[PDB]
Every structure is written in structure tokens, then in C-alpha cells.
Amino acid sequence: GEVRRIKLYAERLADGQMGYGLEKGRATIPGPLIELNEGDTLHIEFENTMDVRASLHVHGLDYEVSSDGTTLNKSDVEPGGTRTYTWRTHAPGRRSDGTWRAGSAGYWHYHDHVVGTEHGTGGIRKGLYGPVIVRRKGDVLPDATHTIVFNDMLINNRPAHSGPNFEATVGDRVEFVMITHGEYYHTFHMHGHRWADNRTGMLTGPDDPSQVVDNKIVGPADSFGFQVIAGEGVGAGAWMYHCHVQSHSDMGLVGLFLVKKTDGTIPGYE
């Protein structure tokens, strides 16, 4: 039941892109990671510093239509405007009727829904997306969290080779949040590492029958996440991740998960 507040700004970036940021002139693509525990409420004091209408739409979380971020529900923001979005989460529980209500926990995301078209096509293309993680009580917390967004044919709207590199040390618990946008399907593959196809990316125990995978088909606005122990059973190294759609990897939709030894070294690569 923690009630939190944050300021968020939409800004046009020096290069032509658009981005969310927690302060003026600090916008990033992807936007800031929002982390909540189930039961939390978040008030987002959103300011649109751009010269076109902009909004904030979230997946997964509970919001009233007045925080939908659409034109249909009159919840976008005029240029230079300001608006307070409210997102809520709940824990799972038993309803009166005896059914189980699923809680909010998961790997989610937020994006623009009015820039360019009513569905936010132009905003999303330009970089108005970011990750949201909602944790369940008792969920295991990572040493670091990284966000990878396959947006059309770019990763994190990077120039290309589109992928960023992420660094860790052997044994670190690392979380990846993976979001996809745009027009195309992709397949996310990471060398050396695997995860479970379930809510957390990790098996609950010997009795969880979830497929264990290292490759997953994803389409626009899919989101999933997982945690790995960096280098577990495989060692230090430059571990690539990439889209496995052969034309995509060949165009350089690839990056590196650099797993260093505890002395800071890595077996030579490239």
C-alpha cells in the first residue's frame, strides 16, 4: 500500500527522437524503469514539453479511463501541458465467488498513444516507451536490471549495430526486461543463458512444467522478463544476444552481454 509520486517529461531529443525522462533535459530511450510492489499506487505528474500532443499508456496495471492515455478517453496532453496519471496495482487473492484474482505482478511497459496516429505509431517509433516492473511479495531481487526493446528494426532506437552492451560479473543476478514494438515479429535469443517461459522467468521449483528456452517469438507490444545468474555453468565471456530472424541479425540487431570474471577480466573477443 505504498503511495508514490514521480515527475515524468516527454521531450524531443537533440537527434530527432523523442523520449521520456524523470527531469528536464534528461530524457532517455528507453525511458526510466518504474518499479512497484503489488498494492502500490503511483501518481505520475506528466509534463509534455513538446510541440505536439503526447500521452502515457501503460500495460498490465490498473488505471481508470481518465489515465488511459488515449484520445478516445480524453486523456492525452496538449503541447506544454501537464497531467497527472494514476496507476494502481493489486495483490492476488480469492474473490467472493471462490475464483482466484490474478495480481498485477509482471514485466510491463508504458508508451505513447497519440503521437503521429491515435495509436501512437509515431511516438513509439521515435522512442516514447519504457519498462515497468511490478513485484510480488517475496520475489527475488536482482543485482542489476537491463531493458532491451526491439522497436521495428532497431534496438533501443540505437543507430545500428543497434544493440547496446550490458556488463556484469560472473554470479551476478541480472534481470532483463524485453519489450517489442512496431510492425515486425522478432525472436529474442541469448547465448550461454536460458530462462523459464513463465511470469518471472525462473522455475518455482521441481514441479513447475514451464518450458525452459533460450529463444522466444515476440510481437508488437509483447513484454516479458527473466533473471539469470550471469555465466552460470558457462563462465565469463562476451555472450551475444540477438534477434534470430536471419535478416535482422545480419543487419546488426545484435548486442553483447559482457560477463567478467571477479578480477574484472573477460576472455578476449571480436
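Residue numbers run from 1 along the displayed sequence.
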query: Stretch with the higher entry mean CA B-factor, where the candidates are 77 to 85 and 174 to 182; finding: 77 to 85
query: Mean C-alpha temperature factor, higher of 9 to 17 and 246 to 254; finding: 9 to 17
query: Residue, from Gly98, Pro142, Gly120, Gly127, that the PDB entry assigns the highest Cα B-factor; finding: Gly98
query: Record-listed C-alpha B factor of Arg194: chain third; finding: lowest
query: Position of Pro159 among the chain's modelled residues by C-alpha B-factor, lowest, middle or highest third; finding: highest
query: CA B-factor placement of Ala91, once the chain's modelled residues are sorted into thirds; finding: middle
query: Third of the chain, ranked by Cα B-factor, where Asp62 sits; finding: middle
query: Record-listed C-alpha B factor of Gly69: chain third; finding: highest
